[PDB]
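Worksheet: the structure to be examined is printed underneath.
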Amino acid sequence: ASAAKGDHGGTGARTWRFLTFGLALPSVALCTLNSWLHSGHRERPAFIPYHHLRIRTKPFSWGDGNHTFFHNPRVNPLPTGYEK
Amino acid sequence: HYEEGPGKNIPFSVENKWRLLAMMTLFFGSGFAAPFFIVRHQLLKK
Amino acid sequence: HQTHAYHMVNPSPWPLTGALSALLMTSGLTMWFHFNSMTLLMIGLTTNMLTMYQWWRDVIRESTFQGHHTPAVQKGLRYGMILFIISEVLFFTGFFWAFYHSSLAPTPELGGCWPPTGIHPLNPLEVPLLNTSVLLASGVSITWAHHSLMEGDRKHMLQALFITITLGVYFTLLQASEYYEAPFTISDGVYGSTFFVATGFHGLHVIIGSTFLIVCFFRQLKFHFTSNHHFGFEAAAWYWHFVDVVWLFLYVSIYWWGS
Amino acid sequence: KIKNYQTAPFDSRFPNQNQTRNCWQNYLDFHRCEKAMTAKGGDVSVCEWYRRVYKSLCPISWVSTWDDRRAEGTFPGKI
Amino acid sequence: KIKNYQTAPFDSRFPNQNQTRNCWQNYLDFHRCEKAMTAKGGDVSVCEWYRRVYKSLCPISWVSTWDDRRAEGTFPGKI
Amino acid sequence: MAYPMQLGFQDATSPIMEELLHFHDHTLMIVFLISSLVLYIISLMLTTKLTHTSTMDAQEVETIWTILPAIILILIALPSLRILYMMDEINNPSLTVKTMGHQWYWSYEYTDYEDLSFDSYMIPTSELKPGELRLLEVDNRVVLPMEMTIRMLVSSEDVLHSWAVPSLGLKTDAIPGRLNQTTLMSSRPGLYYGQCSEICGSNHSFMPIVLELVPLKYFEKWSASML
Amino acid sequence: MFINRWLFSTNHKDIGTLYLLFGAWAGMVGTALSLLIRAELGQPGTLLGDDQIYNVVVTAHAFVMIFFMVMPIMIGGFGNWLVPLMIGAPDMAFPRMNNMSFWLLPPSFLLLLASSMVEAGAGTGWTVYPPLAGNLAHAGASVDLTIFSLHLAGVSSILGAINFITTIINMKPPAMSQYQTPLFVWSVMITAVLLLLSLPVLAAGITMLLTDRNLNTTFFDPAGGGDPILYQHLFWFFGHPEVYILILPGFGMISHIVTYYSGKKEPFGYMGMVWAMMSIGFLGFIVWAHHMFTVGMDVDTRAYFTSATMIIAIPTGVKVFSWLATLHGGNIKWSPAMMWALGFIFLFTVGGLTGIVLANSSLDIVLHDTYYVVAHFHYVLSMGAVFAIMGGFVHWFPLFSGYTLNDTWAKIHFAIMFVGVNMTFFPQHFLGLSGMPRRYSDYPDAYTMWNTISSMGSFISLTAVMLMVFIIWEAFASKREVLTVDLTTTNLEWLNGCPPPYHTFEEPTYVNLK
Amino acid sequence: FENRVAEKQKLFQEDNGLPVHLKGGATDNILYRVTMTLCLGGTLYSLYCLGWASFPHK
Ligand SMILES: CCCCCCCCCCCCCCCCCC(=O)OCC(COC(=O)CCCCCCCCCCCCCCCCC)OC(=O)CCCCCCCCCCCCCCCCC
Ligand code: HEA
Ligand code: HEA
Ligand SMILES: CCCCC/C=C\C/C=C\C/C=C\C/C=C\CCCC(=O)O[C@H](COC(=O)CCCCCCCCCCCCCCCCC)COP(=O)(O)OCCN
Ligand SMILES: CCCCC/C=C\C/C=C\C/C=C\C/C=C\CCCC(=O)O[C@H](COC(=O)CCCCCCCCCCCCCCCCC)COP(=O)(O)OCCN
Ligand SMILES: CCCCC/C=C/C/C=C\CCCCCCCC(=O)O[C@H](COC(=O)CCCCCCCCCCCCCCC)COP(=O)(O)OCC[N+](C)(C)C
Ligand SMILES: CCCCCC/C=C\CCCCCCCCCC(=O)O[C@H](COC(=O)CCCCCCCCCCCCCCC)COP(=O)(O)OC[C@@H](O)CO
Ligand SMILES: CCCCCC/C=C\CCCCCCCCCC(=O)O[C@H](COC(=O)CCCCCCCCCCCCCCC)COP(=O)(O)OC[C@@H](O)CO
Ligand SMILES: CCCCCC/C=C\CCCCCCCCCC(=O)O[C@H](COC(=O)CCCCCCCCCCCCCCC)COP(=O)(O)OC[C@@H](O)CO
Ligand SMILES: CCCCCCCCCCO[C@H]1O[C@H](CO)[C@@H](O[C@H]2O[C@@H](CO)[C@@H](O)[C@H](O)[C@@H]2O)[C@@H](O)[C@H]1O
Ligand SMILES: C[C@H](CCC(=O)O)[C@H]1CC[C@@H]2[C@H]3[C@H](O)C[C@@H]4C[C@@H](O)CC[C@]4(C)[C@@H]3C[C@@H](O)[C@@]21C
Ligand SMILES: C[C@H](CCC(=O)O)[C@H]1CC[C@H]2[C@@H]3[C@H](O)C[C@@H]4C[C@H](O)CC[C@]4(C)[C@H]3C[C@H](O)[C@]12C
Ligand SMILES: C[C@H](CCC(=O)O)[C@H]1CC[C@H]2[C@@H]3[C@H](O)C[C@@H]4C[C@H](O)CC[C@]4(C)[C@H]3C[C@H](O)[C@]12C
Ligand code: CUA
Ligand SMILES: [Cu+2]
Ligand SMILES: [Mg+2]
Ligand code: NA
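Protein chains in written order, with my numbering: chain E, 1203 to 1286; chain Y, 820 to 865; chain R, 5 to 263; chain G, 695 to 773; chain B, 695 to 773; chain V, 5 to 231; chain U, 41 to 554; chain W, 18 to 75.
Here it is as structure tokens:
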């Protein structure tokens, strides 16, 4: 490809700054708009004690040994189901 | 600066061949003996 | 006196403190995983930080302050950094191999499908896409920073570098939040395993990369770099592009194709 | 009826040393068919072939585990 | 029995404007089921649901062409 | 089984193991020829007072010692691959038997018609009947019909193991969550031994395999009575 | 001054010396372990205990011989000592990082010893395959200490690889092209490239085993959708390159030794030797699955791996015939080093040939996991790698120390070792063909004769190892200082005397471009 | 900020025979002693831990 713009006479600092503020940051601003829009807590699915999930072959070296490192009560059920 | 030349570019001394024999004996002997004593250790635990 | 251009380094204690800190960290991880204690690990992490700090400090002293980095020495450092990055690529390759192995032939325990039954993947068009625009954008700003430095523009170099760092931090915060929000965990079978270990090691590299860029920012503030000699910045930029490319592969493989 | 089965015959879909999927597939097929017949008012005897094949190929512990899970509601496969 | 069909219901597998595969899938399903039942000694009435769905969704000319091809031995789908 | 002071392979019990014996004889001759040729040349280079120490040209003799080995490798690969594909041939078995590896014994399952299954443990040395082989006998043998194509499925319920019977040319790893297939066909009746071939812990050396090959008729009666 | 010199070193010679010392010590540990193995198999029955203590011994023997003896000696020892001298460099590119590659080894070794001290040790085989190596079949810290040992040894080698490649590419005289560097330097660079590419995959794999054991991941656990075979692929992807990493520096030293004692100014077909090592290095990355011929792979995959594996015989053959062609027309000096090199050529060839037998997946069905494999690798390792190390050691000892060994005693040492290793491993071919499995603490009665003879051979080797320690002592005890060495015009490493001064090449060599 | 590199160059090139890791002054000494103490002390402690883990506590 070749994009859809032009310059190339000499790619320098001014050109890269132009790309930073004219293309890169605007893209980040759009994706930030999109993300902080499609967010919203999606309703957690019913719990099913699947044997291939919530694996426990050895307790974790922290807490009560049954909670994952970044455990989220709202969406991460324990092997026995969601928490209170 | 450091000492240079035969017998001076090493971490052990070769000034006395008997003291050297003692060094080498402990050095190589400890290595060879270690597995036997670890085996003994494992047998004496259960 | 020497009549070659290479660097004869002063006897240093850091290789030893670094090696011992490695023993303390591994010993420490063992103590933590099996004898419920973090004491060894804490000491190990501390001496490791101290070793790296002093070792790299000395490299700056030897180069910026003592002038030991002749063109030959700098050429060697270039090869060294490229080789290091190559080994990092191969490390990630092992994780990608594990991902594709598991996902291309889903076993019966998963329901014989991918993603496994019970797994609800994140939407690749949401935060994961944002993360992608964040890293690609930082690739552009670090290039502006590079050109500014070469053109002798101090203000704009600092400005561009600051933007690059902010973007790296933004990615890290976004990823941290995603980790907390994810409905699946590292214990959720091979899907959680591959997902967290691969993106986790990648996140670690982003933190290392940002730290490297921060070091460059402060060395720049202190006028260490000349418009022609600034290998530290070049290495940080190559490492940063590497981190960027690994993300693109993770994005396409795990977040998109693997969903 | 069209049977007289000795053992599960060669299946071109699973021609290699790894036969894990062959067992799995037939187990799924039988239980899918058994569910369709028990539902729409028909006879499970049509599902016979799959039953014989999976019985022949699948380790007893696998079938036993899968059966326990279908009852528990944790069977990961689609039936 | 379990019917009282008005028209083919929403199918989560085909939720988009392009419904071509919905028709095709149900056509295949019916003829696969019909073949299984007529074979192992059973009743085609179990295949009814698929027949109603494909008949509702599929253009007459498509069904007609597919039927002609199954007869000719040129039907590209697997039945 | 292996006998005292054995040098080569156990006598072939299946047509495929016979095939391997001839392929090995073919390969071993090449191994002997090349290794003795190298030993000879070493001695030839070292037994002369004549010298030639100036620069020697190599782009001529290297053609010889590149093309020759290439030809030899093809002469080994041809029969090797013919046999490889032969072992993969579709044969359509008359019986399917499964074996599950465990720490430390094997269990067998003949579930084609009846639900027959049993464990197979090594007979402790202290318990051997006179004339029985130490470390090789088991309480329950794998009764199988001779001169018949049998499909063996191998897996494990714990760690890795490997199901082997040298006289039949068999070795199939027993991997948990995986069902490996191999085919068995004995040209003769008898007892055929093998041993676990993947390190599995404490008693890896003590979980043998014993096949009992008998005519179909006896196989059937045995089947029934083992209900 | 002692601490600054030996603990804070930034000198390639001193660092090479540390490596040689460490490797010599490790060799004693590895020898002891091999004696325990053969003592257990010396007569029918059980000597030490069941397969657990036995396999903890077998596993440690392998790790020690490979990671702590062979690699440190060849790469860290001879590599550090000779590479800079052979290209006229003042030192390594990263002299400080070089010191860390060394210092990571003692901690790495301590973790290996710790793993055998705690619990019941790691009796998993050096391949550490799960589920046996998992947290249920090997619960406790042992396997975790083993993984950590490998991590440290891994980092040591990766940093060492970066240092060697950089030094070799960047620090030769301006006029010297890569095609003007000695074959040993070529052997080290290629070895460094293999290490750089292979170790990171191993690291990935053992890290996944670590998480499966401690963080509840399931990369190799079918219950979570994992696969034990995935580990095998990851391990062997590193594992095969690893065996070539163990022999390449050996090939390099053999080229130097054969050339030197043939009274030749150069090895026969230099460019063919470079081509051969590069080809071997390349091919070594696409053949790993030959260690998995019985796991249940598709037949086409097995036909490919059989074929790809045999191709390596071609470049390896060029090296063997080139060594013979270097001897051709030479004024042969029957020194002890030459003897080790001649034994290497023959014994390595035998080991390589049985490797070709094993490449055939058809035959490997029956030979896999039997003593035929053990025979193969001990001919290439215990005879190949070890003879190259012994040859290089007796050849360069005068250079490193400034003293000469007693040649007669060195020739006696060679004779004893030659008998020992052959008596130990030759009978193992029979045991393999006849079906004796690997990793067994006891065997069926029929295997008694060959196991008895093999164990006696291992005692002969022990006698050789003890004699070697005495021989080194005698050299340092008598102090016969080196005066002159022949052929310095084509062996630059000797041109600064014995031992060379701490700092060499402060004023670089002069080399015209013409 | 102002460019003080020249000052730092003077300090680190001062012919006082000090190795680069201690040439900055007294603080280098302290940091070094802290680092080395934690390393060696931590190593002794790890050896002690190994000794403890080597034996069963039934
Ligand atoms: C130590 C125990 C010895 C027991 C001996 C046999 C007893 C037989 C009884 C009675 C003998 C007659 C009745 C039984 C016949 C069985 C035939 C069979 O089933 O056949 C297959 C069998 C038996 O094969 C044989 O047909 C035996 C072959 C023996 C070759 C020996 C070379 C020995 C050299 C020096 C002595 C050994 C140590 C050093 C070996 C150094 C490396 C070769 O199994 C093998 O394949 C074993 C060998 C594996 C491959 C090694 C390949 C490279 C080897 C040597 C190259 C040397 C070249 C220069 C020439 C040789 C130069 C030195
Ligand atoms: C370099 C690798 C190496 C070396 C040299 C050896 C050497 C020996 N090994 Fe081996 N061995 C392995 C690597 C090696 N081994 C591996 C990888 C395995 C497989 C492990 C597994 O299955 O998991 C194994 C397995 C293994 C087994 C099979 C165990 C089983 O399956 O149950 C046996 C059995 O006899 C054995 C015996 C021996 C013996 C008697 C020696 C003797 O020849 C040793 C004689 C002594 C020496 C040759 C050392 C001399 C070197 C020095 C002391 C350095 C000197 C110093 C200077 C010159 C500076 N080894
Ligand atoms: C120094 C180490 C070293 C080296 C260099 C090699 C070299 C080779 N190895 Fe070996 N190998 C090991 C160490 C080594 N190996 C180890 C440690 C194991 C076991 C690991 C474990 O399970 O623990 C092993 C296992 C092993 C296996 C797995 C067997 C099994 O587990 O069932 C196979 C399979 O193909 C194999 C093949 C080869 C081949 C073909 C070569 C080739 O590179 C050899 C090429 C050389 C020659 C062929 C000789 C010289 C050539 C000529 C004179 C030219 C003419 C020749 C012909 C025309 C054939 N090796
Ligand atoms: C914010 C994004 C950046 C990621 C990293 C940041 C913080 C974590 C701490 C260290 C991570 C460094 C490398 C990754 C190692 C393991 C994967 C961790 C990735 C991660 O952080 O994964 C988390 C698991 O945490 C866990 O177990 C982690 C448990 C923490 C203990 C670390 C275990 C240490 C093992 C290290 C092995 C080192 C070997 C490396 C060798 C290198 C080469 C020799 C996921 O959380 P979860 O609750 O399961 O799911 C979320 C549900 N809401
Ligand atoms: C599905 C898998 C998923 C995982 C994938 C994850 C990530 C993707 C991969 C990569 C992307 C990451 C980062 C890329 C960004 C920057 C890298 C830096 C390159 C750079 O900027 O290089 C420059 C020039 O090129 C040079 O080095 C050229 C010189 C190079 C020297 C080093 C190489 C030596 C190593 C061995 C040699 C190989 C030999 C080849 C022949 C072998 C035949 C078989 C710097 O100059 P220098 O060193 O002085 O050389 C002087 C030559 N001009
Ligand atoms: C699967 C196994 C494969 C088996 C291996 C087969 C081995 C090959 C066998 C024979 C090779 C024949 C090569 C013929 C070369 C002639 C030798 C010669 O005589 O050597 C020189 C030629 O230079 C030159 O090629 C340079 C010198 C000789 C070059 C070749 C010598 C090396 C041969 C190999 C050495 C033995 C190793 C064999 C490996 C198995 C002599 O030079 P000139 O006479 O011009 O000058 C002398 C001055 N005059 C003119 C007054 C006489
Ligand atoms: C690369 C350029 C050279 C080109 C040569 C080709 C070599 C490798 C590339 C091909 C990889 C894709 C092939 C996948 C298609 C098959 C799908 C599949 O299904 O393959 C799967 C594994 O593939 C997998 O992970 C494959 C995982 C990858 C393994 C390859 C290892 C090489 C990686 C190292 C190279 C470093 C590169 C640096 C990166 C820039 C599973 O195996 P099956 O046996 O089917 O098991 C199913 C059984 O139930 C039935 O028998
Ligand atoms: C919470 C955070 C903690 C996490 C742990 C890791 C933390 C930080 C790692 C960040 C790396 C910082 C590196 C700083 C290096 C500063 C020294 C430097 O950059 O030194 C430069 C040389 O490059 C050099 O050595 C280049 C040096 C290369 C270093 C790059 C290595 C990255 C380290 C990765 C380690 C982990 C591996 C992955 C784990 C699985 C000096 O030369 P110049 O710049 O030309 O100056 C000279 C001019 O002034 C002349 O006029
Ligand atoms: C279970 C947990 C396991 C943990 C294991 C941890 C192992 C060690 C931890 C402590 C090590 C950190 C201390 C800092 C190391 C910096 C080395 C460095 O920066 O080395 C540089 C060379 O490598 C270069 O450039 C380029 C190369 C930069 C390498 C940076 C070092 C990072 C070490 C980790 C490597 C991991 C391997 C990655 C693949 C998986 C500088 O070379 P020197 O010889 O110093 O000087 C030469 C002078 O001319 C400079 O003026
Ligand atoms: C290759 C580079 C990788 C090197 C290794 C990475 C090292 C990772 C260190 C993780 O350490 C931690 O350990 C803990 C476990 O002890 C935590 O505390 C916790 O654990 C507890 C102890 O039981 C609880 O009391 C608390 O709730 C708390 O979450 C914790 O925050 C965290 O810092
Ligand atoms: C002080 C310095 C000017 C050059 C000098 O030091 O003489 C200025 C120029 C550009 C730098 C700034 C850049 O414009 C980028 C940043 C923008 C601000 O929003 C916060 C501080 C910020 C991080 C920088 C701080 C500022 O103090 C810098 C460092
Ligand atoms: C072209 C290259 C270098 C020559 C030089 O510049 O000196 C040489 C070195 C080694 C040679 C190779 C080796 O001699 C091995 C092979 C020998 C056959 O005679 C031809 C192909 C063959 C594969 C050679 C091709 C080519 O002539 C190579 C690759
Ligand atoms: C072994 C590895 C798979 C590892 C894994 O399961 O994770 C696979 C991936 C791709 C495979 C290769 C590619 O599919 C291409 C080739 C296909 C041929 O049928 C055999 C060789 C062939 C070269 C393959 C060999 C082997 O099966 C490879 C290398
Ligand atoms: Cu079971 Cu070894
Ligand atoms: Cu290999
Ligand atoms: Mg095996
Ligand atoms: Na024994």
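Quick reminder that beta carbons are idealized off the backbone N, C-alpha and C, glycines included.
When DSSP states are grouped into helix, strand and coil, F122/V belongs to the strand group.
When C-beta distances to chain B are compared with 9 Å, the residues of the segment 718 to 730 of chain G below that value are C727 and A730, in chain order. Against chain U, the CB of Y112/V has no partner CB under 9 Å away; the residue lies outside that interface. Contact between the segment 171 to 188 of chain U and the segment 35 to 48 of chain R is present: three or more C-beta pairs spanning the two stretches fall below 8 Å. DSSP links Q199/V through a beta bridge to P212/V. Against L114/R, the close residues of chain G are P770, in the order they occur along the chain (beta-carbon pairs closer than 7 Å). Around the beta-carbon of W363/U, 16 or more other beta-carbon atoms lie within 10 Å, marking it buried. Per DSSP, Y44/V has no beta-bridge partner at all. Under DSSP, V146/V takes part in a beta bridge, and its partners are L215/V.
Look at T198/R: its beta carbon is at least 8 Å from all of the heavy atoms in ligand 7.
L863/Y has a beta carbon lying at 9 Å or more from every beta carbon in chain U. Under DSSP, the beta-bridge partners assigned to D177/V are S166/V. A direct Cα-to-Cα measurement between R223/R and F229/R gives close to 7 Å.
Proximity to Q711/G across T341/U, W143/U, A455/U and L250/U peaks at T341/U, based on C-alpha coordinates. Closer than 8 Å to some heavy atom of ligand 5: that describes the Cβ of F253/R. Look at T251/U: its beta carbon is at least 8 Å from all of the heavy atoms in ligand 12. In this structure, the C-beta of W328/U approaches ligand 15 to less than 8 Å from one of its heavy atoms.
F48/U is the residue among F48/U, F361/U, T524/U and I351/U whose C-alpha sits nearest the C-alpha of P17/R.
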